[PDB]
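K.L.:
Got a file for you: model.pdb, PDB, C-alpha atoms (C1' of nucleotides).
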```pdb
ATOM      1  CA  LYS A  19      -3.474  -1.226   9.805
ATOM      2  CA  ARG A  20      -3.308  -3.849  12.515
ATOM      3  CA  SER A  21      -0.973  -6.287  10.781
ATOM      4  CA  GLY A  22       2.650  -5.259  10.552
ATOM      5  CA  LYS A  23       2.738  -3.843  14.073
ATOM      6  CA  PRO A  24       4.835  -5.103  16.984
ATOM      7  CA  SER A  25       2.993  -6.993  19.694
ATOM      8  CA  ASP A  26       5.863  -7.483  22.159
ATOM      9  CA  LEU A  27       7.716  -4.226  22.855
ATOM     10  CA  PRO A  28      11.039  -4.975  24.569
ATOM     11  CA  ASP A  29      12.418  -2.296  26.849
ATOM     12  CA  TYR A  30      15.603  -0.267  26.632
ATOM     13  CA  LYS A  31      18.276  -2.451  28.220
ATOM     14  CA  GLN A  32      21.155  -0.095  28.963
ATOM     15  CA  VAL A  33      24.298  -2.085  28.199
ATOM     16  CA  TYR A  34      27.120   0.149  29.399
ATOM     17  CA  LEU A  35      27.119   3.750  30.471
ATOM     18  CA  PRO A  36      28.542   6.460  28.192
ATOM     19  CA  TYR A  37      30.151   8.389  31.057
ATOM     20  CA  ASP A  38      32.181   8.040  34.227
ATOM     21  CA  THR A  39      30.754  11.167  35.878
ATOM     22  CA  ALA A  40      27.218  10.452  37.041
ATOM     23  CA  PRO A  41      24.792  13.136  35.801
ATOM     24  CA  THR A  42      23.478  14.215  39.179
ATOM     25  CA  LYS A  43      19.720  14.381  39.636
ATOM     26  CA  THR A  44      19.666  18.163  39.850
ATOM     27  CA  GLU A  45      20.655  18.807  36.240
ATOM     28  CA  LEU A  46      18.720  15.871  34.758
ATOM     29  CA  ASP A  47      15.352  17.569  34.971
ATOM     30  CA  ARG A  48      17.254  20.763  34.089
ATOM     31  CA  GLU A  49      18.090  19.597  30.550
ATOM     32  CA  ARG A  50      15.121  17.285  30.008
ATOM     33  CA  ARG A  51      13.129  20.377  30.951
ATOM     34  CA  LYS A  52      14.320  21.738  27.602
ATOM     35  CA  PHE A  53      13.344  18.717  25.516
ATOM     36  CA  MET A  54       9.640  18.502  26.309
ATOM     37  CA  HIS A  55       9.234  20.809  23.284
ATOM     38  CA  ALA A  56      10.266  20.130  19.691
ATOM     39  CA  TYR A  57       9.746  22.374  16.686
ATOM     40  CA  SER A  58       7.605  21.303  13.752
ATOM     41  CA  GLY A  59       7.159  22.734  10.288
ATOM     42  CA  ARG A  60      10.043  24.732   8.850
ATOM     43  CA  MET A  61       9.200  28.246   7.663
ATOM     44  CA  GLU A  62       7.321  31.248   8.995
ATOM     45  CA  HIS A  63       4.984  28.360   9.846
ATOM     46  CA  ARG A  64       7.355  27.284  12.577
ATOM     47  CA  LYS A  65       5.341  25.639  15.333
ATOM     48  CA  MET A  66       7.009  24.862  18.640
ATOM     49  CA  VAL A  67       4.864  22.028  19.962
ATOM     50  CA  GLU A  68       4.885  19.459  22.747
ATOM     51  CA  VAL A  69       6.222  15.915  22.738
ATOM     52  CA  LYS A  70       4.374  13.211  24.614
ATOM     53  CA  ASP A  71       6.134  10.395  26.471
ATOM     54  CA  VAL A  72       9.359  12.265  27.179
ATOM     55  CA  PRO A  73      12.182  10.000  28.381
ATOM     56  CA  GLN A  74      13.549  10.901  31.779
ATOM     57  CA  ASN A  75      17.355  10.998  31.375
ATOM     58  CA  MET A  76      18.961  11.958  28.077
ATOM     59  CA  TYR A  77      22.584  11.863  29.134
ATOM     60  CA  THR A  78      21.933   8.120  28.981
ATOM     61  CA  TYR A  79      19.167   8.096  26.393
ATOM     62  CA  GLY A  80      20.912   7.352  23.145
ATOM     63  CA  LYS A  81      24.243   9.112  22.891
ATOM     64  CA  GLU A  82      26.148   5.859  23.501
ATOM     65  CA  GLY A  83      26.077   2.480  25.104
ATOM     66  CA  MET A  84      22.344   1.920  25.268
ATOM     67  CA  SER A  85      20.540  -0.889  23.490
ATOM     68  CA  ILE A  86      17.657  -0.516  21.045
ATOM     69  CA  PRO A  87      14.978  -3.246  21.001
ATOM     70  CA  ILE A  88      14.861  -4.039  17.303
ATOM     71  CA  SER A  89      15.925  -7.550  18.276
ATOM     72  CA  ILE A  90      15.381  -9.568  15.093
ATOM     73  CA  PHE A  91      17.503 -12.697  14.847
ATOM     74  CA  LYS A  92      18.222 -15.543  17.235
ATOM     75  CA  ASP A  93      21.793 -14.574  18.141
ATOM     76  CA  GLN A  94      21.481 -10.785  17.774
ATOM     77  CA  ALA A  95      20.418  -9.089  20.991
ATOM     78  CA  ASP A  96      19.289  -5.465  21.220
ATOM     79  CA  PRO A  97      22.301  -3.944  19.466
ATOM     80  CA  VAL A  98      24.536  -1.580  21.383
ATOM     81  CA  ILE A  99      24.981   1.952  20.090
ATOM     82  CA  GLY A 100      28.522   2.994  19.288
ATOM     83  CA  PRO A 101      29.555   6.592  19.790
ATOM     84  CA  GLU A 102      28.477   9.391  17.483
ATOM     85  CA  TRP A 103      31.387   9.699  15.057
ATOM     86  CA  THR A 104      31.247   5.912  14.667
ATOM     87  CA  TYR A 105      28.166   6.226  12.496
ATOM     88  CA  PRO A 106      28.644   7.624   8.997
ATOM     89  CA  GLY A 107      27.372  11.080   8.157
ATOM     90  CA  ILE A 108      25.451  11.596  11.381
ATOM     91  CA  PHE A 109      26.596  15.134  12.100
ATOM     92  CA  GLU A 110      26.233  15.652   8.368
ATOM     93  CA  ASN A 111      22.660  14.357   8.336
ATOM     94  CA  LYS A 112      21.930  16.775  11.167
ATOM     95  CA  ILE A 113      22.291  19.484   8.538
ATOM     96  CA  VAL A 114      20.408  17.662   5.777
ATOM     97  CA  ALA A 115      17.644  15.473   7.190
ATOM     98  CA  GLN A 116      14.709  17.671   8.236
ATOM     99  CA  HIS A 117      11.386  18.905   6.905
ATOM    100  CA  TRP A 118      12.455  21.092   3.985
ATOM    101  CA  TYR A 119       9.963  23.498   2.488
ATOM    102  CA  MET A 120      11.067  24.326  -1.031
ATOM    103  CA  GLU A 121      10.458  27.981  -0.216
ATOM    104  CA  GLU A 122      13.343  27.609   2.231
ATOM    105  CA  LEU A 123      15.553  25.648  -0.177
ATOM    106  CA  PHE A 124      15.394  27.621  -3.420
ATOM    107  CA  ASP A 125      16.632  30.815  -1.786
ATOM    108  CA  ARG A 126      19.589  28.710  -0.692
ATOM    109  CA  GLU A 127      20.319  27.501  -4.225
ATOM    110  CA  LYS A 128      19.824  30.775  -6.094
ATOM    111  CA  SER A 129      22.213  32.141  -3.471
ATOM    112  CA  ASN A 130      24.330  28.921  -3.689
ATOM    113  CA  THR A 131      24.592  29.094   0.109
ATOM    114  CA  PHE A 132      23.995  25.527   1.201
ATOM    115  CA  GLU A 133      24.750  24.685   4.802
ATOM    116  CA  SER A 134      25.427  21.185   3.465
ATOM    117  CA  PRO A 135      26.777  19.721   0.214
ATOM    118  CA  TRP A 136      23.836  17.285   0.204
ATOM    119  CA  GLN A 137      21.035  19.842   0.328
ATOM    120  CA  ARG A 138      21.602  19.982  -3.415
ATOM    121  CA  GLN A 139      20.629  16.300  -3.295
ATOM    122  CA  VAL A 140      17.673  16.640  -0.915
ATOM    123  CA  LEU A 141      16.438  19.322  -3.302
ATOM    124  CA  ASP A 142      16.378  17.247  -6.489
ATOM    125  CA  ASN A 143      14.883  14.214  -4.763
ATOM    126  CA  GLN A 144      12.232  16.660  -3.589
ATOM    127  CA  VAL A 145      11.508  18.257  -6.952
ATOM    128  CA  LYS A 146      11.894  14.925  -8.759
ATOM    129  CA  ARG A 147       8.978  13.761  -6.646
ATOM    130  CA  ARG A 148       6.741  16.743  -7.312
ATOM    131  CA  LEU A 149       7.251  16.299 -11.033
ATOM    132  CA  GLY A 150       6.230  12.677 -10.609
ATOM    133  CA  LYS A 151       3.075  13.760  -8.829
ATOM    134  CA  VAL A 152       2.387  15.469 -12.172
ATOM    135  CA  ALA A 153       3.575  12.878 -14.674
ATOM    136  CA  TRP A 154       1.198  10.642 -12.760
ATOM    137  CA  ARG A 155      -1.346  13.445 -12.523
ATOM    138  CA  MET A 156      -1.467  13.492 -16.316
ATOM    139  CA  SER A 157      -0.809   9.911 -17.377
ATOM    140  CA  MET A 158      -4.120   9.396 -15.609
ATOM    141  CA  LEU A 159      -5.969  12.116 -17.498
ATOM    142  CA  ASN A 160      -5.137  10.204 -20.650
ATOM    143  CA  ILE A 161      -7.724   7.713 -19.359
ATOM    144  CA  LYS A 162     -10.594   9.870 -18.191
ATOM    145  CA  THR A 163     -11.339  13.253 -16.689
ATOM    146  CA  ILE A 164     -10.337  13.513 -13.032
ATOM    147  CA  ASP A 165     -11.428  16.782 -11.465
ATOM    148  CA  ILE A 166     -10.014  17.981  -8.166
ATOM    149  CA  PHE A 167     -12.305  18.818  -5.242
ATOM    150  CA  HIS A 168     -15.390  18.149  -7.357
ATOM    151  CA  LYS A 169     -16.783  15.445  -5.100
ATOM    152  CA  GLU A 170     -18.184  16.145  -1.648
ATOM    153  CA  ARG A 171     -15.609  16.614   1.104
ATOM    154  CA  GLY A 172     -16.037  15.988   4.817
ATOM    155  CA  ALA A 173     -19.255  14.906   6.474
TER     156      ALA A 173
ATOM    157  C1'   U B   1     -43.117  68.466 -55.076
ATOM    158  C1'   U B   2     -44.663  73.645 -61.988
ATOM    159  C1'   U B   3     -43.111  70.187 -66.684
ATOM    160  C1'   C B   4     -38.964  67.954 -69.398
ATOM    161  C1'   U B   5     -33.895  66.303 -67.836
ATOM    162  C1'   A B   6     -29.588  65.117 -65.134
ATOM    163  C1'   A B   7     -27.806  61.860 -59.796
ATOM    164  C1'   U B   8     -23.099  60.004 -55.194
ATOM    165  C1'   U B   9     -26.848  55.766 -50.238
ATOM    166  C1'   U B  10     -26.781  48.662 -53.657
ATOM    167  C1'   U B  11     -34.315  43.971 -49.878
ATOM    168  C1'   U B  12     -25.140  40.532 -53.086
ATOM    169  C1'   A B  13     -21.289  40.521 -47.670
ATOM    170  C1'   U B  14     -17.049  35.376 -46.152
ATOM    171  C1'   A B  15     -20.274  30.108 -41.629
ATOM    172  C1'   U B  16     -14.070  26.309 -37.760
ATOM    173  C1'   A B  17     -12.339  20.614 -39.246
ATOM    174  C1'   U B  18      -6.135  17.326 -39.781
ATOM    175  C1'   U B  19      -5.429  13.644 -34.629
ATOM    176  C1'   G B  20     -11.132   6.453 -31.075
ATOM    177  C1'   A B  21      -1.281   9.540 -29.663
ATOM    178  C1'   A B  22      -4.248   3.638 -26.237
ATOM    179  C1'   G B  23       2.793  -1.275 -27.956
ATOM    180  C1'   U B  24       7.670  -0.689 -25.836
ATOM    181  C1'   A B  25       7.386  -2.970 -18.366
ATOM    182  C1'   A B  26       8.671  -8.282 -12.101
ATOM    183  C1'   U B  27       9.734  -6.646  -7.720
ATOM    184  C1'   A B  28      12.525  -3.279  -3.486
ATOM    185  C1'   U B  29      10.821   2.605   2.861
ATOM    186  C1'   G B  30       5.612   1.278   2.168
ATOM    187  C1'   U B  31       0.347  -2.844   2.973
ATOM    188  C1'   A B  32       3.075   4.682   5.557
ATOM    189  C1'   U B  33       0.732   6.804  10.247
ATOM    190  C1'   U B  34      -3.954   7.712  12.239
ATOM    191  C1'   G B  35      -9.616   6.743  12.006
ATOM    192  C1'   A B  36     -11.263   2.552  11.063
ATOM    193  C1'   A B  37     -14.985  -4.709  10.747
ATOM    194  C1'   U B  38     -11.801  -4.235   6.727
ATOM    195  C1'   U B  39      -8.629  -0.016   2.976
ATOM    196  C1'   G B  40      -2.410  -1.897   0.644
ATOM    197  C1'   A B  41      -1.637   5.527  -4.029
ATOM    198  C1'   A B  42      -8.083   5.366  -5.937
ATOM    199  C1'   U B  43     -13.250   4.280   2.260
ATOM    200  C1'   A B  44     -12.900   8.554   5.826
ATOM    201  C1'   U B  45      -8.784  13.107   6.990
ATOM    202  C1'   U B  46      -4.454  13.953   6.243
ATOM    203  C1'   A B  47      -0.964  16.052   3.213
ATOM    204  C1'   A B  48       4.769  20.277   1.604
ATOM    205  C1'   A B  49       9.042  13.398   5.155
ATOM    206  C1'   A B  50      11.568  10.724   1.595
ATOM    207  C1'   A B  51      15.025   8.247  -1.917
ATOM    208  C1'   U B  52      17.217   4.745  -6.694
ATOM    209  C1'   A B  53      10.751   9.476 -10.544
ATOM    210  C1'   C B  54       5.215   8.613 -11.636
ATOM    211  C1'   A B  55      -0.354   9.208  -3.817
ATOM    212  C1'   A B  56      -6.068  14.316  -6.645
ATOM    213  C1'   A B  57      -8.393   7.830 -10.695
ATOM    214  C1'   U B  58     -10.946   2.917 -12.788
ATOM    215  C1'   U B  59     -10.631  -1.792 -10.388
ATOM    216  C1'   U B  60     -11.150  -5.381  -5.740
ATOM    217  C1'   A B  61     -14.900  -7.078   0.514
ATOM    218  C1'   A B  62      -9.117  -6.149   0.595
ATOM    219  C1'   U B  63      -4.396  -6.439  -2.764
ATOM    220  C1'   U B  64      -2.104  -8.268  -7.003
ATOM    221  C1'   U B  65      -3.177  -8.175 -11.730
ATOM    222  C1'   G B  66      -5.192  -4.512 -15.619
ATOM    223  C1'   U B  67      -6.351   0.298 -18.354
ATOM    224  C1'   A B  68      -2.823   5.030 -18.380
ATOM    225  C1'   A B  69       2.281   6.844 -19.342
ATOM    226  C1'   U B  70       3.138  15.529 -19.301
ATOM    227  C1'   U B  71       3.376  15.904 -28.188
ATOM    228  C1'   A B  72       4.233  17.202 -34.331
ATOM    229  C1'   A B  73      -0.691  17.576 -36.535
ATOM    230  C1'   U B  74       0.233  25.868 -37.614
ATOM    231  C1'   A B  75      -8.140  27.258 -40.503
ATOM    232  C1'   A B  76      -4.146  32.448 -39.303
ATOM    233  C1'   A B  77      -2.820  33.322 -45.641
ATOM    234  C1'   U B  78      -8.851  38.851 -46.278
ATOM    235  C1'   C B  79     -11.052  37.930 -50.156
ATOM    236  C1'   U B  80     -12.142  40.710 -54.414
TER     237        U B  80
END
```
Rewrite the structure from the file as structure tokens, please.
P.N.:
Amino acid sequence: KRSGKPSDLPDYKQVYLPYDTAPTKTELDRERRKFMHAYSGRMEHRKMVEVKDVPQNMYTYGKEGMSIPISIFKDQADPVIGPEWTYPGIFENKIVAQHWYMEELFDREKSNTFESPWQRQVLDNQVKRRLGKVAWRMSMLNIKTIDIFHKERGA
RNA sequence: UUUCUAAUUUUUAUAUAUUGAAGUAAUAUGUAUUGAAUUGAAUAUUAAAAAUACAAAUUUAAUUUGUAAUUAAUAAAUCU
């Protein structure tokens, strides 16, 4: 949809650097050279793919002291980013937040070997959805008969 | 088929229902993203992201409303 999209896109205004030792040019494109790829899909169906619009320097990118242009209010500029351990659960989310195939999660539960104590919570919220996709799948059939893939598909 | 008689095979065989479950509630990533004149779970394709359960629909040019909310309903017990 067109509405609900930003028209003016402010640019990353670096507030203060996160380091005293300049990351010399030589290594910049030596580590960014590693980021132009990012995995996708988490199982045997692991798919290392490409990322368009790669930023140029990631020592400075987001780790600290850069601004993000979600400028909303009148007196609130592009907020600065505090260091990592200043945000709650970040290196804990790194374990939890990701595309989780249930194939990859139920072997972790039936072996009770969770990398994280919240993957027990990203599991329920994932099954509690798929049950809802059924309790809605059926509270509709109490109206009519809805038949999957019975209408034409494609062009 | 010698004749009188006796006899164990008979134009008599079992057939699918109880229940138009229709009240019980404002919302909140979210009108996701893309493709789209437009699309908000219900154009088209795309489908394993989430969290504080309800994306294979009806509906509308779009939405909101509004229908709907995974349940008691044991023919089996042969009938001779």
K.L.:
Pick out the chain B residues within 6 Å of chain A. Count all atoms listed in the file. Give them as an NGL selection string.
P.N.:
:B and (53-54 or 56 or 68-70)
K.L.:
Would you mind telling me which residue in B:19, B:66, B:28, B:37 lies nearest to residue 52 (chain B) when using only C-alpha atoms (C1' of nucleotides)?
P.N.:
B:28
K.L.:
Starting from the shown file, work through the PyMOL selection byres ((chain A and resi 77) around 10) and note down what comes out as a JSON list (two decimals) with C-alpha atoms, in the coordinates of the input.
P.N.:
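Output saved as part07.json:
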```json
[["chain", "number", "residue", "atom", "x", "y", "z"],
["A", 35, "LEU", "CA", 27.12, 3.75, 30.47],
["A", 36, "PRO", "CA", 28.54, 6.46, 28.19],
["A", 37, "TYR", "CA", 30.15, 8.39, 31.06],
["A", 40, "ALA", "CA", 27.22, 10.45, 37.04],
["A", 41, "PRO", "CA", 24.79, 13.14, 35.80],
["A", 46, "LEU", "CA", 18.72, 15.87, 34.76],
["A", 49, "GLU", "CA", 18.09, 19.60, 30.55],
["A", 50, "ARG", "CA", 15.12, 17.28, 30.01],
["A", 74, "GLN", "CA", 13.55, 10.90, 31.78],
["A", 75, "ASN", "CA", 17.36, 11.00, 31.38],
["A", 76, "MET", "CA", 18.96, 11.96, 28.08],
["A", 78, "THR", "CA", 21.93, 8.12, 28.98],
["A", 79, "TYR", "CA", 19.17, 8.10, 26.39],
["A", 80, "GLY", "CA", 20.91, 7.35, 23.14],
["A", 81, "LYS", "CA", 24.24, 9.11, 22.89],
["A", 82, "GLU", "CA", 26.15, 5.86, 23.50]]
```
K.L.:
Using the file's own x, y and z axes, what box holds all listed atoms of region 35-51 of chain A with 6 Å on each side, keeping edges along x, y and z, and what are its centre and edge lengths in Å to one decimal, as JSON?
P.N.:
```
{"center_x": 22.7, "center_y": 12.3, "center_z": 34.0, "size_x": 31.1, "size_y": 29.0, "size_z": 23.7}
```
K.L.:
Can you tell me how far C1' of residue 35 (chain B) sits from CA of residue 26 (chain A), in Å to one decimal?
P.N.:
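Separation of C1' of residue 35 (chain B) and CA of residue 26 (chain A): 23.3 Å.
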K.L.:
Please enumerate the residues selected by the PyMOL selection byres ((chain A and resi 68) around 8) when evaluated against the supplied file, formatted as a ChimeraX atom specification.
P.N.:
/A:54-56,66-67,69-70
K.L.:
When you look at residue 97 (chain A) with a cut-off of 9 Å (counting only C-alpha atoms (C1' of nucleotides)), what residues show up, excluding the ones that are within fewer than 4 positions of it in the same chain? I need them as a PyMOL selection string.
P.N.:
chain A and resi 84-89
K.L.:
Taking the file as shown, find all residues satisfying the PyMOL selection byres ((chain B and resi 75) around 12) and write them as a PyMOL selection string.
P.N.:
chain B and resi 16-18+74+76-77
K.L.:
At what distance in Å, to one decimal, does CA of residue 96 (chain A) lie from CA of residue 31 (chain A)?
P.N.:
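That distance, rounded to one decimal, is 7.7 Å.
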K.L.:
Could you work out how far CA of residue 72 (chain A) lies from CA of residue 100 (chain A), giving the answer in Å with one decimal?
P.N.:
22.7 Å
